[PDB]
K.L.:
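Here's a structure for you.
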Amino acid sequence: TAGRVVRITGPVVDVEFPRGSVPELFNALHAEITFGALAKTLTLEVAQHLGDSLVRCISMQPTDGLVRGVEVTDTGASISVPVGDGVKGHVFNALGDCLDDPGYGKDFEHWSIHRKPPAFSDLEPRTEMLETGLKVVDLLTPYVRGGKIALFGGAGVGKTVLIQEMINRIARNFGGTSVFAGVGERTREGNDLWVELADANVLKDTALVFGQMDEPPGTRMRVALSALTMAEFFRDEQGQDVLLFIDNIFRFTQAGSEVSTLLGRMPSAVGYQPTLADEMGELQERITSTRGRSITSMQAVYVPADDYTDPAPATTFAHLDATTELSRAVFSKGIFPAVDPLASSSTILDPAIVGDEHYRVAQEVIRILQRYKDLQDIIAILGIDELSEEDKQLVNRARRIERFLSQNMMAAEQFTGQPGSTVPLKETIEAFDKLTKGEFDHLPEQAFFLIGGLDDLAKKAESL
Amino acid sequence: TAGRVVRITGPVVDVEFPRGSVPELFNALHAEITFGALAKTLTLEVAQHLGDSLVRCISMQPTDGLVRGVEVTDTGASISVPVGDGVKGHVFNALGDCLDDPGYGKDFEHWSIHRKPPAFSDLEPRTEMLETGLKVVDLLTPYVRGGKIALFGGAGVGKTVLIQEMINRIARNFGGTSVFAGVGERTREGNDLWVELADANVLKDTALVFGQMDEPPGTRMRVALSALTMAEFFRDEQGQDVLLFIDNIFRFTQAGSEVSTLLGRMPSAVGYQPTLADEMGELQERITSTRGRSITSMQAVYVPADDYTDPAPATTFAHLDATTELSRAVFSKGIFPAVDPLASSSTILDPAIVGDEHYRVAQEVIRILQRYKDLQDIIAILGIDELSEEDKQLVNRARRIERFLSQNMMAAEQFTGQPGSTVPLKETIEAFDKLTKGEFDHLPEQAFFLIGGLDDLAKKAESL
Amino acid sequence: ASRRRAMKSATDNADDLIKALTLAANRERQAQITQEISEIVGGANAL
Amino acid sequence: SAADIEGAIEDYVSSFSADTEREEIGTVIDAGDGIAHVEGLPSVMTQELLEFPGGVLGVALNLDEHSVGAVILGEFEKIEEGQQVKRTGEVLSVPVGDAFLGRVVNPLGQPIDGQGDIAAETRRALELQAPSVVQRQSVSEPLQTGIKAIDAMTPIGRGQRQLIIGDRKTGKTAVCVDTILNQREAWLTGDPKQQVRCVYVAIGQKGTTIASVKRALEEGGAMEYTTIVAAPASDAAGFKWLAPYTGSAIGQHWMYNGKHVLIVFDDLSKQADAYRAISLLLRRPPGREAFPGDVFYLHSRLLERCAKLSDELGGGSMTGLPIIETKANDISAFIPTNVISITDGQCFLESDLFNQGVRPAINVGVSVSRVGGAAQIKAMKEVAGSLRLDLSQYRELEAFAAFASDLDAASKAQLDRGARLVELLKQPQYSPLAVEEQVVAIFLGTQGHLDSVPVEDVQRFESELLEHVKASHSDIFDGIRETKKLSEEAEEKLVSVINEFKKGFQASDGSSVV
Amino acid sequence: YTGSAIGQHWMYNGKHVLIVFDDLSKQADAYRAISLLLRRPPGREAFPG
Ligand SMILES: Nc1ncnc2c1ncn2[C@@H]1O[C@H](COP(=O)(O)OP(=O)(O)OP(=O)(O)O)[C@@H](O)[C@H]1O
Ligand SMILES: [Mg+2]
């Protein structure tokens with residue numbers, strides 16, 4: 001009672017089954033491409049039941065070479081991925097096939113990539129700060145241990161560099177298990193991460209699942225779920241604190257959009273699929289942490305057209321506790337990690353959690369930066385000399401604060417040559433309190449660029 | 001013979017009729033919702049003929065609970081509204097059902113709300129000014145008999161008091177009536193207007209026709225036509241000058257846009273219906289003077305994004321003869337009716353329609369008020385004493401002029417007791433000629449507040 | 001006195017530039033709405 | 001513990017009886033992306049509640065001559081071609097009763113907080129008529145939000161529909177949670193004419209955010225009179241579409257029973273997005289931003305349930321506080337324009353003001369309330385009358401902050417007054433102020449008692465002064481609360497206590513304030 | 001794709017290649033034309049998904 005391919009349109013394949021054997025939605029079907037150059041077993045995922053015993057499926061491997069009328073056999077269950085401590089230290093694709101050691105986990109326990117989010121009864125808010133060592137993040141966008149963190153950004157503003165730096169700052173000393181889901185990112189950076197983790201002996205505690213952009217929409221849809229399944233196994237079946245890095249979670253919605261019109265859906269605003277919010281909500285809600293079981297998830301989010309009003313980033317914003325927001329405007333000015341201090345935010349940045357001193361310093365920094373942003377229009381035309389004395393002093397403060405939020409990160413050694421630096425949260429608060437209060441107005445502003453700490457500030461000021 | 005509902009997609013209902021009995025366009029059909037909780041009689045307005053004896057209709061009432069195959073009975077005539085002296089003092093919906101007294105007017109003469117505008121040979125070739133009796137309107141922005149007036153304003157700027165004032169003046173001076181076409185009413189605002197008019201005892205001279213916001217777009221689109229049909233009956237049959245308020249005719253445009261979208265018609269420039277200009281023309285062209293009687297209309301207009309080049313306001317303003325703009329600044333200065341003499345405008349303030357003396361006096365007043373508005377910044381920042389003697393003289397004269405533009409409205413009689421003043425146009429012209437020439441610059445400013453004409457000015461001056 | 005005149009001229013030029021930029025922003029707002037609707041209804045017509 | 005562990009089941013077995021009633025069946029012919037087309041069901045009615053084999057539920061939303069397109073309410077993956085679909089003869093209805101206070105319920109009224117079932121007093125259809133023009137009453141009773149900015153500048157009177165509109169992370173949920181918290185003093189009175197019952201409808205929020213809001217309400221004591229109708233982002237588009245209607249129905253049951261309700265929709269933008277998704281999946285024609293033609297109606301049909309009923313209907317009221325996220329502060333977008341048209345007033349929250357430290361960040365001036373002074377107690381009406389003009393003058397004068405020597409005496413005084421008023425309207429989160437405290441605080445600023453305090457200390461000077469008055473001169477607060485006006489003798493007492501406090505107040509700069 | 005295939009044949013034989021696509025904006029336009037002529041519904045800017 002096998003199916004039969006009727007209609008092939010790019011990644012979407014229609015399969016007609018006998019009446020009593022139409023597969024359930026999200027089931028995995030196996031076709032076979034027999035052309036020698038592209039011969040393979042093609043995994044389709046039932047996406048729609050279309051009637052007349054037809055189903056419409058999203059192909060995981062490229063359909064190049066698939067022939068109409070070819071037998072399609074139903075697996076009887078959704079796409080399953082290996083789970084267990086065996087996955088740690090290995091590289092998998094969306095289908096659960098190991099890359100660095102083919103046929104490795106074929107005998108492990110296999111879990112469906114599709115499962116309901118944890119019940120609302122089991123969710124409690126997370127309010128524990130995660131000290132990354134980055135001045136800007138630790139000060140203005142403090143990350144939440146067990147919470148949801150995002151690195152929004154345009155195209156090529158440093159999301160991959162910053163997420164690699166966060167892997168270097170959070171996972172290297174982490175006692176639990178890490179999972180990295182490369183969802184439609186660049187394969188070069190995936191291999192760079194693989195070798196970096198191998199050299200630092202973190203690979204033994206890290207599971208990598210790659211669905212990089214060379215792959216068709218099906219994998220770029222289901223790879224995030226495949227990695228999140230391993231993360232959920234570590235969360236539930238083992239109780240180990242889990243890190244879940246995803247890069248880039250936008251590719252999930254973008255792949256859904258890519259297959260949207262071939263599935264017959266009428267496009268929504270900006271050409272996205274009508275199911276953007278629900279499709280992304282399921283995946284995002286599976287990432288939350290349940291009480292006593294922590295997942296510290298960091299999701300690099302890509303903002304199309306550098307437009308933060310785009311439906312995808314805008315809808316993703318509601319799913320996050322901390323949201324660092326890289327901007328091309330800051331990147332152009334040479335500031336690396338390229339964070340917009342004003343657009344970025346964090347829910348743990350309250351006086352009741354980070355303390356009154358940290359909160360006051362962060363809010364004063366944001367106030368100074370907002371006033372500077374408001375004044376930049378005046379300065380570019382009427383000149384600095386026409387500002388108020390207080391506003392002039394504030395502008396001098398704000399330039400130094402912007403440059404001090406820059407930091408020489410470890411992952412950016414090949415961007416600057418100099419080694420990385422780590423700044424304790426206490427030192428960050430003290431330094432920014434001094435800046436905002438004036439103790440450093442006499443130092444040149446270039447002394448604050450790519451230094452990371454007060455000792456480095458003094459050394460670079462002396463070198464100037 | 002009776003039709004059957006064959007499709008129900010929100011407000012859109014398709015009805016299949018026997019081949020010989022398909023209703024013609026805009027006919028009102030009745031369907032029955034028999035479900036107990038939602039029991040209703042839907043009034044469907046035939047909008048298209050689809051063929052095979054199907055007609056697509058826009059439901060004037062929520063279609064929740066409607067069942068396929070339910071009998072649909074054709075009334076044989078389009079949406080008809082009760083017309084007569086009986087509609088005065090009562091509130092109706094777009095379909096002529098009385099809201100404050102159900103079953104009222106079901107035995108009146110009923111008129112179809114789809115009526116052609118007056119024949120071309122029946123139109124008045126000469127614009128005639130409407131001497132409403134208010135000094136500000138008659139001098140600065142004279143209203144047009146049979147024309148349209150935009151009424152810009154908001155909350156706490158006396159828009160409702162001005163509506164009451166114009167209802168009183170049309171009912172008393174011209175012996176006419178008013179019809180308040182509440183397109184897209186907030187039910188709270190509609191109830192407030194109903195109680196305000198009842199308390200002011202002007203409800204007996206006005207017929208309210210509310211198409212609330214909670215109703216589907218069909219009624220919001222047809223309520224303006226219904227109220228205008230009552231106004232047409234008053235104009236043509238009773239032989240009365242009418243004053244058709246339309247708050248807010250942007251709503252009418254947007255209801256048309258929503259109906260167009262529901263029927264599947266491709267949207268125009270900014271998403272508006274392709275026939276925006278024709279719907280607006282079919283509405284506005286009926287508001288005109290014929291055979292010696294006229295329907296004047298004060299139509300509150302919303303300008304989306306404050307963009308007067310937007311298709312909706314751009315189409316609306318092709319028909320607007322005058323523009324009264326109420327101002328919060330003027331209202332706070334005690335200057336009721338709160339009309340801004342500078343922002344407001346009229347297309348009849350030309351030497352030809354009005355007398356040359358009228359135009360000269362109005363332009364002199366506008367010049368004085370503009371010069372004063374310019375000097376407001378210096379007065380507020382530098383103080384009054386930093387002006388020149390000529391500037392101080394002009395400031396005094398402008399203060400007195402702008403305060404004399406206030407008037408003891410009839411709508412205020414209910415609060416104070418002082419009968420409202422109906423200043424003749426000639427008296428207003430000569431009074432403002434005296435003001436602009438400085439003949440009254442020695443009276444105290446409080447003398448000019450809320451007084452109609454030179455006699456009242458002299459009496460109040462002697463009373464101070 | 002020259003500063004008064006120059007700043008009055010600057011304020012007038014800034015107001016005119018604000019008006020021009022507002023007219024422009026309205027044009028691109030309407031154009032974005034139109035283009036979005038064209039894309040949406042082009043997808044609709046094809047499906 | 002008890003015998004009930006068995007007894008309940010016994011009661012079921014003794015009482016259970018599945019009788020054989022005739023049923024009309026359809027068959028699922030299509031199924032995809034949350035929509036299932038059901039051939040058959042000739043007598044199905046629009047927006048009916050169909051039940052699918054696996055306990056799944058759907059809403060018959062498109063009715064054609066071929067099929068019934070139904071939006072599936074969760075568990076969509078369990079729907080298959082050929083499945084039998086039974087029609088429940090009931091349009092969308094939700095249970096309602098006082099048992100929903102302190103409960104978190106999904107848009108169908110089923111608890112999701114993990115506690116026991118909810119004892120429903122009755123059921124209400126989600127699409128019942130809103131109160132008609134003849135059935136309403138003028139909005140005249142304040143609903144103290146506890147936020148000085150809102151209660152002074154854009155007052156919300158119970159029966160009103162006030163829109164909290166602004167970009168992300170600007171303070172909207174904070175404003176509405178503060179409003180919910182501020183009703184605890186009214187609740188503890190026990191007088192239904194004062195009690196306000198809250199319904200926080202979360203649409204499209206993540207589960208942990210709803211949990212955070214519930215925690216904020218519990219630690220604030222507000223959960224004993226608040227229900228949370230939660231449609232988390234994990235839930236189907238149908239739940240996000242229905243949640244405002246569920247909350248509105250739960251509130252309406254109280255409203256028609258003489259109680260006063262406060263409904264927070266957070267957000268209605270996600271409601272609109274879910275409706276757009278459903279409409280496009282059902283192939284309903286799209287319009288601007290792809291929203292269906294009746295999206296305005298979707299919101300209007302909702303917000304117009306929020307009304308104050310006439311005394312003939314018990315005089316109950318339901319206050320709407322829809323929350324809308326404006327992208328890049330574009331209040332001219334489609335949904336923001338629609339809901340600004342629908343609502344009675346708007347608190348516009350701006351990120352620029354938030355970063356300046358003007359948090360709660362209401363952009364006064366642009367922000368408006370059409371109900372106006374009718375929604376304020378006489379004390380606040382008289383005290384806060386000059387506040388709006390003062391703030392407007394301050395915003396006009398802000399360009400002159402650097403030349404205070406060159407301005408007129410009146411202009412410089414206005415600038416100094418405005419800076420202190422701006423500092424006065426600032427307010428910490430989760431700390432709403434009772435109306436008497438707001439009256440005294442605004443009295444400090446409008447009457448000029450802050451003109452001697454430094455700007456940077458105003459926030460403290462107010463905070464301490466009230467802390468003093470409450471503890472030692474509560475007669476002022478009691479008078480304002482019991483009489484609703486600031487009497488002349490009470491005003492003199494307040495001025496005397498302010499002056500006495502001034503002497504003992506230490507300005508942060510070390511100067512003396514007298 | 002033809003250039004990439006020609007280059008890849010060398011790449012997999014241990015030789016270093018430098019591919020210049022002048023311009024990929026015109027490939028996108030060509031793909032848009034092909035997709036619209038095949039009547040694939042477009043996405044944003046009329047481009048295919
Ligand atoms: N009055 C206030 N004083 C200080 N912090 C505040 C205030 N109001 C809100 N905040 C903080 O601002 C941030 C945003 O608050 P909130 O969650 O209410 O925002 P929102 O507008 O509902 O946005 P979101 O779209 O994320 O739900 C939170 O850190 C909150 O603590
Ligand atoms: Mg919020």
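Keep in mind that the numbers below use all heavy atoms, side chains included, and drop hydrogens, waters and symmetry copies. Chain identifiers are assigned alphabetically (A, B, ...) following the order of the sequence lines, protein sequences preceding nucleic acid strands; residue numbering begins at 1 within each chain.
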K.L.:
Below 4.5 Å from any heavy atom of chain B, which atoms of D:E65 appear? Answer side chain, backbone, both or neither.
P.N.:
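For D:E65, the contact with chain B is made by backbone and side chain together.
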K.L.:
Spell out, as yes or no, whether a donor-acceptor pair under 3.5 Å connects the side chain of D:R136 to the backbone of B:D192.
P.N.:
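No, because the side chain of D:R136 does not come within donor-acceptor range (under 3.5 Å) of the backbone of B:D192.
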K.L.:
Has the side chain of B:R186 got a donor or acceptor atom that lies under 3.5 Å from a matching backbone atom of D:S341?
P.N.:
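Answer holds: yes.
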K.L.:
For residues D:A130 and B:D214, report the shortest heavy-atom separation together with the two atoms involved.
P.N.:
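Taking D:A130 first and B:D214 second, the nearest heavy atoms are CB-OD2, 4.4 Å.
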K.L.:
Within this structure, what is the OG-CD1 distance for the pair D:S411 and B:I379, rounded to the nearest 0.5 Å?
P.N.:
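Here the interatomic distance stands at 12.5 Å.
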K.L.:
For D:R284, is it the side chain, the backbone, both, or neither that has a heavy atom closer than 4.5 Å to a heavy atom of chain B?
P.N.:
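Contact with chain B: side chain only.
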K.L.:
Excluding sequence neighbours, so at least two apart, what forms ring-ring contact (aromatic ring centres under 6.0 Å, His included) with B:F35?
P.N.:
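Not a single residue meets the ring-ring contact (aromatic ring centres under 6.0 Å, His included) criterion with B:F35.
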K.L.:
Identify the heavy atoms of B:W194 and D:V134 that sit nearest to each other, and give their distance.
P.N.:
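Closest approach of B:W194 to D:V134: CZ3-CA, 4.2 Å.
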K.L.:
Heavy atoms only: give me the nearest D:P286-B:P267 pair and the separation to one decimal.
P.N.:
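For D:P286 versus B:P267, the nearest heavy atoms are O-CG, 4.4 Å.
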K.L.:
Using a 6.0 Å cut-off, check whether atom CD of B:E196 has over 12 heavy atoms from anything other than its own residue.
P.N.:
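Enclosed: over 12 neighbouring heavy atoms sit under 6.0 Å from CD of B:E196.
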K.L.:
Just so I know, are the side chains of B:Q254 and D:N338 near enough to count as touching, which here means a heavy-atom distance under 4.5 Å?
P.N.:
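Heavy-atom side-chain distance check passes, below 4.5 Å.
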K.L.:
Count the heavy-atom pairs under 4.5 Å between each of D:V68, D:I342, D:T337, D:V371 and chain B, then report the option with the highest count.
P.N.:
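Winner by heavy-atom pair count: D:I342.
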K.L.:
For the pair D:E304 (side chain) and B:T187 (backbone), establish whether a donor and an acceptor sit closer than 3.5 Å, ignoring hydrogens and angles.
P.N.:
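Yes; judged by distance alone, with no hydrogens or angles, the pair exists.
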K.L.:
Which region of D:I340, side chain (C-beta onward) or backbone (N, CA, C, O), has a non-hydrogen atom less than 4.5 Å from a non-hydrogen atom of chain B, or is it both or neither?
P.N.:
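Interface part for D:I340: backbone (N, CA, C, O).
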K.L.:
Just give me the residue among B:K40, B:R68, B:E189, B:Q212 that pairs up with chain D most often, heavy atom to heavy atom, under 4.5 Å.
P.N.:
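The candidate making the most pairs under 4.5 Å is B:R68.
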K.L.:
Under 4.5 Å, counting heavy-atom pairs only, tell me which of B:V13, B:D64, B:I33, B:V12 racks up the most with chain D.
P.N.:
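Highest number of heavy-atom pairs under 4.5 Å: B:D64.
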K.L.:
Drop me the distance from D:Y297's OH to B:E215's CD, to the nearest 0.5 angstrom.
P.N.:
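These two atoms lie 9.0 Å from each other.
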K.L.:
Let me know if B:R265 has heavy atoms under 4.5 Å from chain D in its side chain, its backbone, both or neither.
P.N.:
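The answer is neither part of B:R265.
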K.L.:
Under 4.5 Å, counting heavy-atom pairs only, tell me which of B:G154, B:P217, B:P62, B:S260 racks up the most with chain D.
P.N.:
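Result: the option with the highest number of such pairs is B:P62.
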K.L.:
Would you name the heavy atoms of B:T261 and D:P292 that are closest together and state the gap between them?
P.N.:
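Looking at all heavy atoms of both residues, the closest pair is CG2-C, 4.4 Å.
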K.L.:
Of all of D:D330, D:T343, D:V368, D:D406, which one pairs up most often with chain B through heavy atoms under 4.5 Å apart?
P.N.:
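The option with the most such pairs is D:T343.
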K.L.:
Between B:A37, B:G36, B:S332, B:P216, which shows the greatest number of heavy-atom pairs under 4.5 Å with chain D?
P.N.:
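Highest number of heavy-atom pairs under 4.5 Å: B:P216.
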K.L.:
Quick check on side-chain contact (heavy atoms from CB on, under 4.5 Å): which of D:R370, D:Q137, D:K308 does B:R188 satisfy it with?
P.N.:
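One option only clears the test, and that one is D:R370.
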K.L.:
Can you say whether D:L302 sits under 4.5 Å from chain B via the side chain, the backbone, both, or neither, judging by heavy atoms?
P.N.:
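Interface part for D:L302: neither.
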K.L.:
List the atom of B:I381, the atom of D:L397, and the distance in Å for their closest heavy-atom pair.
P.N.:
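It is CD1-CD2, 3.0 Å.
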K.L.:
Counting heavy-atom pairs under 4.5 Å with chain B, which one of D:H66, D:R124, D:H299, D:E90 comes out on top?
P.N.:
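The answer is D:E90.
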K.L.:
Working to the nearest 0.5 Å, report the span between CZ of B:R328 and OG of D:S392.
P.N.:
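OG of D:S392 is found 10.0 Å from CZ of B:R328.
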K.L.:
Using heavy-atom distances under 4.5 Å, tell me whether D:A307 contacts chain B through its side chain, its backbone, both, or neither.
P.N.:
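It is neither, since no heavy atom gets under 4.5 Å.
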K.L.:
Can you confirm whether B:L66 sits close enough to D:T46 that some side-chain heavy atom of one is under 4.5 Å from a side-chain heavy atom of the other?
P.N.:
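A side-chain contact exists here, since the closest heavy-atom pair is under 4.5 Å.
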